[PDB]
Trainee: 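Can you read through this structure? Questions will come right after.
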Amino acid sequence: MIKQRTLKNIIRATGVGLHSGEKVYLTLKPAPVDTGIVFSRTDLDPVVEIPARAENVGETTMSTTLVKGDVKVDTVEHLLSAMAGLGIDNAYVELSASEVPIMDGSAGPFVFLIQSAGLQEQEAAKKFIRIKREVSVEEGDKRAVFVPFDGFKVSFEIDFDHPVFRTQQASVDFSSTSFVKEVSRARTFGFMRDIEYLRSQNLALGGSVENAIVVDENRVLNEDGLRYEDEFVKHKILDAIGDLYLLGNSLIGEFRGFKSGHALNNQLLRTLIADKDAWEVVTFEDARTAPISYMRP
Ligand SMILES: O=C(NC[C@H]1C[C@@H](NC(=O)[C@@H]2C[C@H](F)CN2)CN1C(=O)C1CC1)c1ccc(C#Cc2ccc(CN3CCOCC3)cc2)cc1Cl
Ligand SMILES: [Zn+2]
């Protein structure tokens, strides 16, 4: 039977917030059965805890933000991506500040920290949301879709009118392709012109080539270049996997993005939750006959 997983050991990590430019201390802790992923602002008295759930998403412009009163946690989607890919159900994310550290721009540092610590099976069935019906949202030229699928799969397409865009489409069946190998190293990215402006408005204060792909009109300015021919669309998939995890249960089904982002990914989540005709919660008495598979712990 497919069981809930938490961390075996606690993980301590250090970084900077992409927007805040603030140094932040990160502690990942095991958690009991049926906790979910809970973000916890330990710099406050009293300490403030926001479950990583679609109900707790704030104004979706720069990144995925969790909110509870006037306390926020900025840029959760990369860490949540990492935890999704390794199948982590239960964990406490402690932060000494408002923003999750950016690390290298990818999920890879987070995935390493998690597997280093190790994972622990817990005595309870894992709960899965299975897409039963197509559910689709559009706004202008953007679109984001759930389609039933005996497994877990994400496709994405982007279209920037810009010399640097290379492959702008990709699809990954995560039951036959490794999240760790193929998606987790995909780095966030930013246009020279936007970054010059946004910096001027006290935004992206922690950005650098050390944590972002920087791009002028013509080329990646990063000296050692890209990790993947298709890094940009691969990062969109990585962000999508994070936002999907705000459902609070692992997904059996497929996600398709067309120029989508946090805002419309969040509309799709809300529209899916709202239409109980479109999904069901299932468990599995036998892994050998389940449509998705997990690594050994
Ligand atoms: O938000 C950013 N990019 C959004 C990109 C990535 C995708 N979103 C994601 O990945 C989501 C959203 C979040 F990004 C995380 N997850 C979607 N997307 C788009 O579609 C873009 C709109 C086209 C971003 C990235 C890097 C910097 C930056 C920076 C930077 C880099 C270098 C320097 C140069 N300095 C030189 C001196 O040393 C310090 C650095 C300064 C700032 C600033 C920003 Cl504002
Ligand atoms: Zn991202």
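Numbers here are sequence positions counted from 1. Order of listing sets the numbers, starting from 1, for every ligand and every atom in it.
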Trainee: Within the 4.0 Å heavy-atom shell around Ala212, which atoms of ligand 1 are there?
Mentor: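 Here the atoms of ligand 1 in question are 26 (C).
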Trainee: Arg5 versus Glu121: any side-chain heavy-atom pair under 4.5 Å?
Mentor: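 SC-SC contact between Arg5 and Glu121 confirmed.
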Trainee: Just to check, does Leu238 reach to within less than 4.0 Å of ligand 1 when the distance is taken from its heavy atoms?
Mentor: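 No; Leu238 lies far enough from ligand 1 that no heavy-atom distance drops under 4.0 Å.
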Trainee: Would you say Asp243 and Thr64 are linked by a side-chain donor-acceptor pair, where the criterion is simply a distance under 3.5 Å?
Mentor: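 Side chains of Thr64 and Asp243: pair found under 3.5 Å.
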Trainee: Fit a plane to each ring of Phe174 and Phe179, take the angle between them on a 0 to 90° scale, and name the class: parallel (under 30°), tilted (30 to 60°) or perpendicular (over 60°).
Mentor: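 Tilted: the ring planes of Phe174 and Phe179 meet at 30° to 60°.
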Trainee: Step through the shown structure and confirm whether more than 12 heavy atoms of other residues, nucleotides or ligands are within 6.0 Å of OH on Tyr25.
Mentor: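 Atom OH in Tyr25 is not crowded, with 12 or fewer foreign heavy atoms closer than 6.0 Å.
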Trainee: Would you check the N or O atoms of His78, main chain and side chain alike, for any that come under 3.5 Å of an N or O of ligand 1?
Mentor: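 Yes: some nitrogen or oxygen of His78 is under 3.5 Å from one in ligand 1.
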Trainee: My understanding is that we take every heavy atom of each candidate and find the minimum distance to atom 15 (C) of ligand 1. Doing that for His19, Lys236, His162, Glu77, which one comes out nearest?
Mentor: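 Residue with the shortest heavy-atom distance to the ligand atom: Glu77.
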Trainee: Give the atoms of ligand 1, by number and element, whose distance to some non-hydrogen atom of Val214 is under 4.0 Å.
Mentor: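 By the 4.0 Å cutoff, the relevant atoms are 31 (C), 32 (C).
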Trainee: For side chain to side chain donor-acceptor pair (under 3.5 Å), just list the numbers for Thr65 and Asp74, CA-CA rounded to whole Å, side-chain angles, deciding distance to a tenth of an Å, and then say yes or no.
Mentor: CA-CA 5 Å; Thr65 297; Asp74 285 332; 2.9 Å; yes
Trainee: So if I count the atoms of ligand 1 from 1 in the order they appear, which ones are less than 4.0 Å from some heavy atom of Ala204?
Mentor: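 Atoms satisfying the 4.0 Å criterion: 43 (C).
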Trainee: Kindly compute the distance separating CG (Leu251) from CG (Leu247), expressed to the nearest 0.5 Å.
Mentor: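 These two atoms lie 6.5 Å from each other.
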Trainee: Check ligand 1 against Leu18 and write out every atom of the ligand that is under 4.0 Å from a heavy-atom position of the residue.
Mentor: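 In order of numbering, the contacting atoms are 14 (F).
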Trainee: Run the numbers for me: atoms of ligand 1, each under 4.0 Å from some heavy atom of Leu198, listed by number.
Mentor: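 Those qualifying, in numeric order: 45 (Cl).
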Trainee: Would you call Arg133-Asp277 a salt bridge at under 4.0 Å N-O?
Mentor: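 Answer for the salt bridge query: no.
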Trainee: Using a 4.0 Å cutoff against the non-hydrogen atoms of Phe160, which atoms of ligand 1 qualify?
Mentor: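 Listed by number with element, the hits are 20 (O), 23 (C).
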Trainee: Based purely on interatomic distance, does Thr188 place a nitrogen or oxygen under 3.5 Å from a nitrogen or oxygen of ligand 1?
Mentor: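 Yes, at least one N or O pair falls under 3.5 Å.
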Trainee: Considering only N, O or S atoms, which atom of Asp239 is nearest to the Zn ion (ligand 2)?
Mentor: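 Considering only N, O and S atoms, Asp239 comes nearest to the Zn ion (ligand 2) through OD1.
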Trainee: Looking at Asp239, which atoms of ligand 1 are within less than 4.0 Å of one of its heavy atoms?
Mentor: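 Counting from 1, the qualifying ligand atoms are 7 (C), 8 (N), 9 (C), 10 (O), 11 (C), 16 (N).
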Trainee: Heavy-atom count check: over 12 atoms from other residues, nucleotides or ligands less than 6.0 Å from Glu210 CD?
Mentor: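 Atom CD in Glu210 is not packed in, count stays at 12 or less.
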